[PDB]
file query08.cif (mmCIF, C-alpha atoms and all ligand atoms)
data_start
loop_
_atom_site.group_PDB
_atom_site.id
_atom_site.type_symbol
_atom_site.label_atom_id
_atom_site.label_comp_id
_atom_site.auth_asym_id
_atom_site.auth_seq_id
_atom_site.Cartn_x
_atom_site.Cartn_y
_atom_site.Cartn_z
ATOM 1 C CA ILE A 1 100.439 98.981 98.772
ATOM 2 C CA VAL A 2 102.730 101.710 100.181
ATOM 3 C CA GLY A 3 102.430 102.757 103.848
ATOM 4 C CA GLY A 4 99.821 100.086 104.640
ATOM 5 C CA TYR A 5 99.617 97.110 106.957
ATOM 6 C CA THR A 6 99.580 93.310 106.860
ATOM 7 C CA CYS A 7 95.879 92.457 106.436
ATOM 8 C CA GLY A 8 95.870 89.152 108.282
ATOM 9 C CA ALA A 9 95.412 85.819 106.477
ATOM 10 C CA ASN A 10 92.050 85.548 104.690
ATOM 11 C CA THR A 11 90.579 88.686 106.320
ATOM 12 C CA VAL A 12 89.920 89.955 102.774
ATOM 13 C CA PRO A 13 88.203 86.829 101.404
ATOM 14 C CA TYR A 14 87.043 88.478 98.161
ATOM 15 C CA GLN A 15 90.632 89.437 97.200
ATOM 16 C CA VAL A 16 91.958 87.463 94.238
ATOM 17 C CA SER A 17 95.374 87.256 92.553
ATOM 18 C CA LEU A 18 95.529 87.091 88.765
ATOM 19 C CA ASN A 19 98.317 84.729 87.701
ATOM 20 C CA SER A 20 99.927 84.221 84.289
ATOM 21 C CA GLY A 21 102.930 82.208 85.506
ATOM 22 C CA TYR A 22 103.392 84.960 88.143
ATOM 23 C CA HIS A 23 101.123 87.377 90.064
ATOM 24 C CA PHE A 24 100.389 90.432 87.869
ATOM 25 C CA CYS A 25 97.120 91.978 89.109
ATOM 26 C CA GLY A 26 94.435 91.833 91.762
ATOM 27 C CA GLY A 27 90.689 91.283 91.383
ATOM 28 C CA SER A 28 87.514 91.016 93.472
ATOM 29 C CA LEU A 29 85.227 87.935 93.646
ATOM 30 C CA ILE A 30 81.632 89.148 93.104
ATOM 31 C CA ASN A 31 79.951 85.728 93.031
ATOM 32 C CA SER A 32 81.043 82.072 92.781
ATOM 33 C CA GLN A 33 81.826 82.412 89.031
ATOM 34 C CA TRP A 34 82.872 86.024 88.389
ATOM 35 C CA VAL A 35 85.745 88.381 89.214
ATOM 36 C CA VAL A 36 85.864 92.148 88.666
ATOM 37 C CA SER A 37 89.311 93.552 87.722
ATOM 38 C CA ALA A 38 90.801 96.453 85.709
ATOM 39 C CA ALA A 39 90.612 96.334 81.942
ATOM 40 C CA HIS A 40 94.314 97.289 81.892
ATOM 41 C CA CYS A 41 94.913 93.874 83.573
ATOM 42 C CA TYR A 42 93.598 92.030 80.530
ATOM 43 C CA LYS A 43 95.663 89.206 79.106
ATOM 44 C CA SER A 44 95.075 85.714 77.763
ATOM 45 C CA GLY A 45 95.779 82.614 79.910
ATOM 46 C CA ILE A 46 94.682 84.015 83.274
ATOM 47 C CA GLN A 47 94.463 81.737 86.306
ATOM 48 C CA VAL A 48 92.452 83.172 89.200
ATOM 49 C CA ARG A 49 93.861 82.394 92.650
ATOM 50 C CA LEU A 50 91.415 82.544 95.571
ATOM 51 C CA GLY A 51 91.964 82.184 99.335
ATOM 52 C CA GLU A 52 95.574 83.465 99.081
ATOM 53 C CA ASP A 53 97.618 85.087 101.796
ATOM 54 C CA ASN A 54 101.250 84.351 100.885
ATOM 55 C CA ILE A 55 101.188 84.288 97.051
ATOM 56 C CA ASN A 56 104.490 82.335 96.984
ATOM 57 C CA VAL A 57 103.457 79.492 99.366
ATOM 58 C CA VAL A 58 100.559 77.024 99.082
ATOM 59 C CA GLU A 59 99.182 77.301 102.631
ATOM 60 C CA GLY A 60 96.182 74.987 102.170
ATOM 61 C CA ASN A 61 93.173 77.295 101.721
ATOM 62 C CA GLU A 62 93.708 78.238 98.105
ATOM 63 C CA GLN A 63 91.572 77.598 95.082
ATOM 64 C CA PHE A 64 93.293 77.968 91.713
ATOM 65 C CA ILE A 65 90.719 78.238 88.872
ATOM 66 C CA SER A 66 91.407 79.028 85.206
ATOM 67 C CA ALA A 67 89.560 81.900 83.543
ATOM 68 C CA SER A 68 87.155 80.687 80.808
ATOM 69 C CA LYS A 69 86.445 84.180 79.441
ATOM 70 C CA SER A 70 87.433 87.788 79.913
ATOM 71 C CA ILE A 71 85.191 90.695 79.023
ATOM 72 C CA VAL A 72 86.754 94.112 78.824
ATOM 73 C CA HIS A 73 84.326 97.011 79.110
ATOM 74 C CA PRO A 74 83.016 97.916 75.616
ATOM 75 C CA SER A 75 84.097 101.577 76.092
ATOM 76 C CA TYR A 76 87.460 100.952 77.770
ATOM 77 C CA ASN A 77 90.036 103.441 76.495
ATOM 78 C CA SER A 78 93.572 102.248 77.295
ATOM 79 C CA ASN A 79 95.001 105.750 76.660
ATOM 80 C CA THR A 80 92.823 107.721 79.131
ATOM 81 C CA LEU A 81 91.956 104.634 81.241
ATOM 82 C CA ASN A 82 88.307 105.697 81.052
ATOM 83 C CA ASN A 83 86.076 102.637 81.833
ATOM 84 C CA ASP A 84 89.010 100.668 83.342
ATOM 85 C CA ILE A 85 86.945 97.565 84.254
ATOM 86 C CA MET A 86 86.809 93.940 83.116
ATOM 87 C CA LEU A 87 84.884 90.829 84.129
ATOM 88 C CA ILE A 88 86.590 87.444 84.337
ATOM 89 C CA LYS A 89 84.526 84.245 84.298
ATOM 90 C CA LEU A 90 85.861 81.208 86.142
ATOM 91 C CA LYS A 91 85.918 77.838 84.336
ATOM 92 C CA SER A 92 84.263 76.291 87.425
ATOM 93 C CA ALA A 93 82.442 77.826 90.382
ATOM 94 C CA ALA A 94 84.516 78.715 93.448
ATOM 95 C CA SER A 95 83.584 76.921 96.643
ATOM 96 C CA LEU A 96 82.497 79.759 98.962
ATOM 97 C CA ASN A 97 83.575 79.567 102.638
ATOM 98 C CA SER A 98 85.150 81.748 105.381
ATOM 99 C CA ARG A 99 88.351 82.250 103.373
ATOM 100 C CA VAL A 100 86.790 82.591 99.923
ATOM 101 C CA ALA A 101 83.793 84.917 99.791
ATOM 102 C CA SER A 102 82.112 87.288 97.379
ATOM 103 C CA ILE A 103 81.900 91.062 97.871
ATOM 104 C CA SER A 104 78.672 92.981 97.234
ATOM 105 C CA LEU A 105 78.276 95.336 94.300
ATOM 106 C CA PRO A 106 77.075 98.793 95.316
ATOM 107 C CA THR A 107 73.477 100.010 94.943
ATOM 108 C CA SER A 108 74.585 103.630 95.335
ATOM 109 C CA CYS A 109 77.869 105.507 94.815
ATOM 110 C CA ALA A 110 80.145 106.083 97.820
ATOM 111 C CA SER A 111 80.628 109.516 99.427
ATOM 112 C CA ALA A 112 83.642 111.815 99.638
ATOM 113 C CA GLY A 113 85.258 111.363 103.046
ATOM 114 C CA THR A 114 84.243 107.688 103.337
ATOM 115 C CA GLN A 115 86.959 105.342 104.530
ATOM 116 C CA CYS A 116 87.700 102.478 102.163
ATOM 117 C CA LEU A 117 89.819 99.370 102.372
ATOM 118 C CA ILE A 118 92.278 98.894 99.504
ATOM 119 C CA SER A 119 94.309 95.701 99.263
ATOM 120 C CA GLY A 120 96.915 93.895 97.188
ATOM 121 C CA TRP A 121 100.313 92.320 96.674
ATOM 122 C CA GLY A 122 101.803 95.308 94.854
ATOM 123 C CA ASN A 123 104.957 97.329 95.465
ATOM 124 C CA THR A 124 105.346 98.560 99.044
ATOM 125 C CA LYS A 125 107.874 101.327 98.130
ATOM 126 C CA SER A 126 107.187 104.830 96.749
ATOM 127 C CA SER A 127 110.795 104.862 95.517
ATOM 128 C CA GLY A 128 112.532 101.614 94.603
ATOM 129 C CA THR A 129 110.857 98.200 94.559
ATOM 130 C CA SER A 130 109.830 95.690 97.207
ATOM 131 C CA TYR A 131 107.069 93.135 96.676
ATOM 132 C CA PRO A 132 105.444 91.508 99.720
ATOM 133 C CA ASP A 133 104.595 87.830 100.092
ATOM 134 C CA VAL A 134 101.489 88.403 102.183
ATOM 135 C CA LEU A 135 98.436 90.526 101.410
ATOM 136 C CA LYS A 136 98.759 94.209 102.337
ATOM 137 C CA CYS A 137 95.910 96.549 103.255
ATOM 138 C CA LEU A 138 95.360 100.307 103.343
ATOM 139 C CA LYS A 139 92.568 102.360 104.845
ATOM 140 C CA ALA A 140 92.097 105.506 102.739
ATOM 141 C CA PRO A 141 89.370 108.180 102.371
ATOM 142 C CA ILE A 142 87.604 109.020 99.158
ATOM 143 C CA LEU A 143 88.721 112.537 98.069
ATOM 144 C CA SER A 144 86.376 115.279 96.798
ATOM 145 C CA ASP A 145 85.970 115.360 93.040
ATOM 146 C CA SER A 146 87.354 118.919 92.971
ATOM 147 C CA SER A 147 90.582 117.889 94.744
ATOM 148 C CA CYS A 148 90.807 114.830 92.435
ATOM 149 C CA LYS A 149 90.435 117.001 89.311
ATOM 150 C CA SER A 150 92.944 119.518 90.749
ATOM 151 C CA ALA A 151 95.523 116.748 91.288
ATOM 152 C CA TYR A 152 95.119 115.442 87.725
ATOM 153 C CA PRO A 153 93.876 118.328 85.573
ATOM 154 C CA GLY A 154 92.215 117.192 82.354
ATOM 155 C CA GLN A 155 92.358 113.471 83.182
ATOM 156 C CA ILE A 156 89.568 112.694 85.653
ATOM 157 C CA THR A 157 86.306 111.446 84.124
ATOM 158 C CA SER A 158 82.947 110.819 85.851
ATOM 159 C CA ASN A 159 84.011 107.104 85.859
ATOM 160 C CA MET A 160 86.918 107.776 88.221
ATOM 161 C CA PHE A 161 87.454 108.862 91.808
ATOM 162 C CA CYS A 162 90.496 109.640 93.929
ATOM 163 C CA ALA A 163 91.246 108.065 97.293
ATOM 164 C CA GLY A 164 94.206 108.404 99.632
ATOM 165 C CA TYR A 165 96.369 111.141 101.126
ATOM 166 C CA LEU A 166 97.549 114.308 99.390
ATOM 167 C CA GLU A 167 100.539 114.430 101.761
ATOM 168 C CA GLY A 168 101.800 111.187 100.188
ATOM 169 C CA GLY A 169 103.291 108.139 101.867
ATOM 170 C CA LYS A 170 100.138 105.977 101.723
ATOM 171 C CA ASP A 171 98.736 104.584 98.463
ATOM 172 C CA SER A 172 98.159 101.599 96.214
ATOM 173 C CA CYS A 173 100.831 100.884 93.565
ATOM 174 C CA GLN A 174 101.915 98.732 90.593
ATOM 175 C CA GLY A 175 100.917 95.126 91.258
ATOM 176 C CA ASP A 176 97.756 96.216 93.149
ATOM 177 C CA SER A 177 96.066 97.054 89.796
ATOM 178 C CA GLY A 178 92.622 95.461 89.420
ATOM 179 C CA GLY A 179 92.198 94.963 93.147
ATOM 180 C CA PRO A 180 89.351 96.057 95.434
ATOM 181 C CA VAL A 181 88.482 99.359 97.017
ATOM 182 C CA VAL A 182 85.731 98.372 99.448
ATOM 183 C CA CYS A 183 83.687 101.031 101.250
ATOM 184 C CA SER A 184 80.886 100.287 103.701
ATOM 185 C CA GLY A 185 81.075 96.617 102.664
ATOM 186 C CA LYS A 186 80.481 97.265 98.909
ATOM 187 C CA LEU A 187 82.949 97.109 95.998
ATOM 188 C CA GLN A 188 83.132 100.848 95.117
ATOM 189 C CA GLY A 189 86.446 101.055 93.298
ATOM 190 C CA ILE A 190 89.096 99.171 91.329
ATOM 191 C CA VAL A 191 92.828 99.996 91.582
ATOM 192 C CA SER A 192 93.351 101.797 88.246
ATOM 193 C CA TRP A 193 96.082 104.456 88.019
ATOM 194 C CA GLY A 194 98.033 107.346 89.541
ATOM 195 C CA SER A 195 101.301 109.201 89.021
ATOM 196 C CA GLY A 196 103.856 106.905 90.660
ATOM 197 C CA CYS A 197 102.780 105.711 94.129
ATOM 198 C CA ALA A 198 102.376 107.588 97.441
ATOM 199 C CA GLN A 199 103.623 110.802 95.826
ATOM 200 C CA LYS A 200 102.666 114.176 97.333
ATOM 201 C CA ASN A 201 99.555 115.630 95.579
ATOM 202 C CA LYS A 202 99.173 112.479 93.471
ATOM 203 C CA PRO A 203 96.542 110.263 95.120
ATOM 204 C CA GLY A 204 95.331 106.950 93.726
ATOM 205 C CA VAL A 205 92.764 106.992 90.932
ATOM 206 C CA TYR A 206 90.056 104.345 90.987
ATOM 207 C CA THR A 207 87.446 103.001 88.582
ATOM 208 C CA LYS A 208 84.004 104.128 89.799
ATOM 209 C CA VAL A 209 82.246 100.729 90.071
ATOM 210 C CA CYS A 210 78.782 102.141 90.897
ATOM 211 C CA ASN A 211 78.583 103.401 87.268
ATOM 212 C CA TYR A 212 78.983 99.807 85.952
ATOM 213 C CA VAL A 213 76.486 97.818 87.991
ATOM 214 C CA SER A 214 73.922 97.640 85.165
ATOM 215 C CA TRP A 215 76.598 96.502 82.653
ATOM 216 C CA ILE A 216 77.957 93.966 85.177
ATOM 217 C CA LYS A 217 74.503 92.486 85.918
ATOM 218 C CA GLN A 218 73.550 92.298 82.229
ATOM 219 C CA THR A 219 76.891 90.742 81.236
ATOM 220 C CA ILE A 220 76.771 88.043 83.941
ATOM 221 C CA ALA A 221 73.145 87.280 83.080
ATOM 222 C CA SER A 222 74.243 86.442 79.493
ATOM 223 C CA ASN A 223 77.660 84.812 79.800
HETATM 224 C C1 LIG B 301 99.256 100.634 83.358
HETATM 225 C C2 LIG B 301 99.487 101.554 84.550
HETATM 226 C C3 LIG B 301 98.811 102.908 84.325
HETATM 227 O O1 LIG B 301 98.957 100.941 85.727
HETATM 228 N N1 LIG B 301 98.896 101.672 86.875
HETATM 229 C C4 LIG B 301 98.942 101.110 88.007
HETATM 230 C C5 LIG B 301 98.855 102.000 89.175
HETATM 231 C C6 LIG B 301 98.099 101.598 90.266
HETATM 232 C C7 LIG B 301 97.985 102.442 91.367
HETATM 233 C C8 LIG B 301 98.623 103.687 91.363
HETATM 234 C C9 LIG B 301 98.468 104.581 92.557
HETATM 235 N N2 LIG B 301 97.476 104.383 93.313
HETATM 236 N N3 LIG B 301 99.349 105.555 92.815
HETATM 237 C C10 LIG B 301 99.367 104.106 90.255
HETATM 238 C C11 LIG B 301 99.485 103.250 89.146
HETATM 239 C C12 LIG B 301 100.966 101.750 84.791
HETATM 240 O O2 LIG B 301 101.680 100.817 85.415
HETATM 241 O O3 LIG B 301 101.525 102.774 84.459
HETATM 242 CA CA CA B 302 99.266 80.868 99.179
#

call {"tool": "encode", "arguments": {"input": "query08.cif", "output": "C-alpha cells"}}
result
Amino acid sequence: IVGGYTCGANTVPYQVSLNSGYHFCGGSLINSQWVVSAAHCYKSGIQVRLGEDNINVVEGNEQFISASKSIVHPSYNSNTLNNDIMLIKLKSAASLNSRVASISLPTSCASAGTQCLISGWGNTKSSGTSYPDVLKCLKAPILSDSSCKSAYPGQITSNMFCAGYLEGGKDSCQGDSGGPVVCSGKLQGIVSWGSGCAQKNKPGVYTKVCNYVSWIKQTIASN
C-alpha cells in the first residue's frame, strides 16, 4: 500500500496473509473455512495466516492454517486478468473472535464515489521497494467506469472496477494482490492489477466481487 496508513493491530480482522515460506499475497476470510483471493495468487502449498499484524513476528493472536484446496475461477484468464478470483478452503475451521472475523459478501454492487478500505502488506513505494512489517490501510473511492476505461483503454471488463486517485501517490501495490477492498462493510473488490503503483492516471484495478457471489455460494456449498 502506497500513501496509506498503519491500520492498527487486528482492526482488519478479515485480512489474511497467504504464505508459501514467505508472504506473497493477501486474502479475505468470508467464513470460518473459506478465503477469497485473486486467481493470480494461485500456487500449491499455501498456508493461510489469520489474526496477523506484524507478519514477521508471532504476537500471540495468530492462527496458521494450511489450505486443503484452491479453486480458481473457471473463466479466469491470466493474460487479461478477467475473472481474477479464487477460493481457498482451510484444512480446519478458523476460530472466530475479535481478531479473526469474516467479512460479508455483497448483495448488491458498490457505487462510484463510495469510499472503500483497501489493506495489505505490499510495497509502500511507488518507485523503489519497501515492505512493511505491519498491516497498511488505504481509504480510496471507487472511480466511474468511464474514467476507469479511459485510464486503461481496451483492458477493463465488466468484472473489474477502478479505485483510488488519478493524481497518483495513493494506491495498492505488489504484495497487496488478493487482498480486500471493503465498502460499506461488504467485500466489493480484490486487489488485482494496475500499471505500477500510485502512478498518475493509473489507478488500481479490482476484481468486481458482486459478479461472483452466485459462483462463490455454489462452490462453498459443494466443497
Ligand atoms: C501479476 C501482476 C499483474 O500483479 N499485479 C499486482 C498489482 C496490484 C495492485 C496494483 C495497483 N493497484 N496499482 C498493481 C499491480 C503483476 O505483478 O504484474
Ligand atoms: Ca504476527

call {"tool": "residues_around", "arguments": {"input": "query08.cif", "residues": "residue 146 of chain A", "least_positions_apart": "4", "cutoff": "12 Å", "atoms": "only C-alpha atoms", "output": "ChimeraX atom specification"}}
result
/A:112,142,150-154,156-158,161-162

call {"tool": "closest_residue", "arguments": {"input": "query08.cif", "among": "A:97, A:78, A:31, A:218", "to": "ligand LIG 301 (chain B)", "atoms": "all atoms listed in the file"}}
result
A:78

call {"tool": "resolve_selection", "arguments": {"input": "query08.cif", "expression": "the PyMOL selection byres (((not hetatm)) within 12 of (chain B and resi 302))", "output": "number ranges by chain"}}
result
A: 9-10, 16-17, 23, 49-64, 99, 121, 133-135

call {"tool": "residues_near_ligand", "arguments": {"input": "query08.cif", "ligand": "ligand LIG 301 (chain B)", "cutoff": "8 Å", "atoms": "all atoms listed in the file", "output": "list in words"}}
result
residues 40, 81, 171, 172, 173, 174, 175, 176, 177, 191, 192, 193, 194, 195, 196, 197, 198, 199, 202, 203, 204, 205 and 206 of chain A

call {"tool": "atom_distance", "arguments": {"input": "query08.cif", "atom1": "atom CA of residue 15 of chain A", "atom2": "atom CA of residue 46 of chain A"}}
result
15.5 Å

call {"tool": "resolve_selection", "arguments": {"input": "query08.cif", "expression": "the PyMOL selection byres (((chain A and resi 3) around 8) and not hetatm)", "output": "ChimeraX atom specification"}}
result
/A:1-2,4-5,124,138,169-171

call {"tool": "atom_distance", "arguments": {"input": "query08.cif", "atom1": "atom CA of residue 33 of chain A", "atom2": "atom CA of residue 47 of chain A"}}
result
12.9 Å

call {"tool": "residues_near_point", "arguments": {"input": "query08.cif", "point": "(76.5, 101.4, 95.6)", "cutoff": "12 Å", "atoms": "all atoms listed in the file", "output": "list in words"}}
result
residues 103, 104, 105, 106, 107, 108, 109, 110, 111, 182, 183, 184, 185, 186, 187, 188, 189, 208, 209, 210, 211, 212, 213 and 214 of chain A

call {"tool": "closest_residue", "arguments": {"input": "query08.cif", "among": "A:147, A:136, A:219, A:190", "to": "residue 6 of chain A", "atoms": "only C-alpha atoms"}}
result
A:136

call {"tool": "atom_distance", "arguments": {"input": "query08.cif", "atom1": "atom CA of residue 131 of chain A", "atom2": "atom CA of residue 37 of chain A"}}
result
19.9 Å

call {"tool": "resolve_selection", "arguments": {"input": "query08.cif", "expression": "the PyMOL selection byres (((chain A and resi 167) around 8) and not hetatm)", "output": "PyMOL selection string"}}
result
chain A and resi 165-166+168-169+199-201

call {"tool": "closest_residue", "arguments": {"input": "query08.cif", "among": "A:179, A:38, A:72, A:48", "to": "residue 22 of chain A", "atoms": "only C-alpha atoms"}}
result
A:48

call {"tool": "closest_residue", "arguments": {"input": "query08.cif", "among": "A:164, A:21, A:13, A:141", "to": "residue 98 of chain A", "atoms": "only C-alpha atoms"}}
result
A:13

call {"tool": "closest_residue", "arguments": {"input": "query08.cif", "among": "A:181, A:100, A:163, A:67", "to": "residue 88 of chain A", "atoms": "only C-alpha atoms"}}
result
A:67

call {"tool": "closest_residue", "arguments": {"input": "query08.cif", "among": "A:32, A:77, A:114, A:155", "to": "residue 91 of chain A", "atoms": "only C-alpha atoms"}}
result
A:32

call {"tool": "axis_aligned_box", "arguments": {"input": "query08.cif", "around": "segment 209-218 of chain A", "padding_each_side": "4 Å", "output": "lines of an AutoDock Vina configuration file"}}
result
center_x = 77.9
center_y = 97.8
center_z = 86.6
size_x = 16.7
size_y = 19.1
size_z = 16.7

call {"tool": "build_atoms", "arguments": {"input": "query08.cif", "residues": "segment 83-107 of chain A", "atoms": "N, CA and C atoms", "output": "mmCIF file, in the frame of the given file"}}
result
data_model
loop_
_atom_site.group_PDB
_atom_site.id
_atom_site.type_symbol
_atom_site.label_atom_id
_atom_site.label_comp_id
_atom_site.auth_asym_id
_atom_site.auth_seq_id
_atom_site.Cartn_x
_atom_site.Cartn_y
_atom_site.Cartn_z
ATOM 1 N N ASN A 83 86.765 103.966 81.822
ATOM 2 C CA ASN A 83 86.076 102.637 81.833
ATOM 3 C C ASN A 83 87.054 101.466 82.049
ATOM 4 N N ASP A 84 87.987 101.670 82.988
ATOM 5 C CA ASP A 84 89.010 100.668 83.342
ATOM 6 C C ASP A 84 88.418 99.539 84.210
ATOM 7 N N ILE A 85 87.631 98.666 83.576
ATOM 8 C CA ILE A 85 86.945 97.565 84.254
ATOM 9 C C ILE A 85 86.792 96.374 83.293
ATOM 10 N N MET A 86 86.906 95.177 83.852
ATOM 11 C CA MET A 86 86.809 93.940 83.116
ATOM 12 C C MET A 86 86.183 92.894 84.038
ATOM 13 N N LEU A 87 85.413 91.994 83.436
ATOM 14 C CA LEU A 87 84.884 90.829 84.129
ATOM 15 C C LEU A 87 85.637 89.593 83.673
ATOM 16 N N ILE A 88 85.876 88.684 84.613
ATOM 17 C CA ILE A 88 86.590 87.444 84.337
ATOM 18 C C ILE A 88 85.679 86.320 84.827
ATOM 19 N N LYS A 89 85.349 85.395 83.928
ATOM 20 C CA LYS A 89 84.526 84.245 84.298
ATOM 21 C C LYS A 89 85.410 83.051 84.612
ATOM 22 N N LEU A 90 85.120 82.391 85.725
ATOM 23 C CA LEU A 90 85.861 81.208 86.142
ATOM 24 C C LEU A 90 85.346 79.977 85.398
ATOM 25 N N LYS A 91 86.266 79.083 85.039
ATOM 26 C CA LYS A 91 85.918 77.838 84.336
ATOM 27 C C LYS A 91 84.968 76.952 85.170
ATOM 28 N N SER A 92 85.161 76.971 86.488
ATOM 29 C CA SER A 92 84.263 76.291 87.425
ATOM 30 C C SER A 92 83.966 77.208 88.598
ATOM 31 N N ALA A 93 82.819 77.004 89.239
ATOM 32 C CA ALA A 93 82.442 77.826 90.382
ATOM 33 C C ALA A 93 83.393 77.638 91.571
ATOM 34 N N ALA A 94 83.779 78.755 92.187
ATOM 35 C CA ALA A 94 84.516 78.715 93.448
ATOM 36 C C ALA A 94 83.631 78.128 94.540
ATOM 37 N N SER A 95 84.257 77.383 95.449
ATOM 38 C CA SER A 95 83.584 76.921 96.643
ATOM 39 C C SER A 95 83.652 78.028 97.702
ATOM 40 N N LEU A 96 82.506 78.631 98.015
ATOM 41 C CA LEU A 96 82.497 79.759 98.962
ATOM 42 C C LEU A 96 82.500 79.276 100.410
ATOM 43 N N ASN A 97 83.362 79.897 101.218
ATOM 44 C CA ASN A 97 83.575 79.567 102.638
ATOM 45 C C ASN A 97 84.085 80.801 103.410
ATOM 46 N N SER A 98 84.658 80.603 104.599
ATOM 47 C CA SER A 98 85.150 81.748 105.381
ATOM 48 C C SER A 98 86.326 82.459 104.713
ATOM 49 N N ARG A 99 87.132 81.704 103.973
ATOM 50 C CA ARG A 99 88.351 82.250 103.373
ATOM 51 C C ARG A 99 88.174 82.676 101.918
ATOM 52 N N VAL A 100 87.086 82.223 101.300
ATOM 53 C CA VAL A 100 86.790 82.591 99.923
ATOM 54 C C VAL A 100 85.333 83.029 99.889
ATOM 55 N N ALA A 101 85.123 84.330 99.690
ATOM 56 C CA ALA A 101 83.793 84.917 99.791
ATOM 57 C C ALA A 101 83.630 86.024 98.781
ATOM 58 N N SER A 102 82.394 86.238 98.347
ATOM 59 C CA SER A 102 82.112 87.288 97.379
ATOM 60 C C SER A 102 81.910 88.632 98.093
ATOM 61 N N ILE A 103 82.164 89.720 97.368
ATOM 62 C CA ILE A 103 81.900 91.062 97.871
ATOM 63 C C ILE A 103 80.718 91.680 97.120
ATOM 64 N N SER A 104 79.852 92.372 97.849
ATOM 65 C CA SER A 104 78.672 92.981 97.234
ATOM 66 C C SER A 104 79.008 94.119 96.276
ATOM 67 N N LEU A 105 78.258 94.182 95.181
ATOM 68 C CA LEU A 105 78.276 95.336 94.300
ATOM 69 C C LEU A 105 77.466 96.458 94.944
ATOM 70 N N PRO A 106 77.818 97.721 94.657
ATOM 71 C CA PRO A 106 77.075 98.793 95.316
ATOM 72 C C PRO A 106 75.691 99.014 94.685
ATOM 73 N N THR A 107 74.775 99.571 95.469
ATOM 74 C CA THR A 107 73.477 100.010 94.943
ATOM 75 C C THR A 107 73.485 101.521 94.779
#
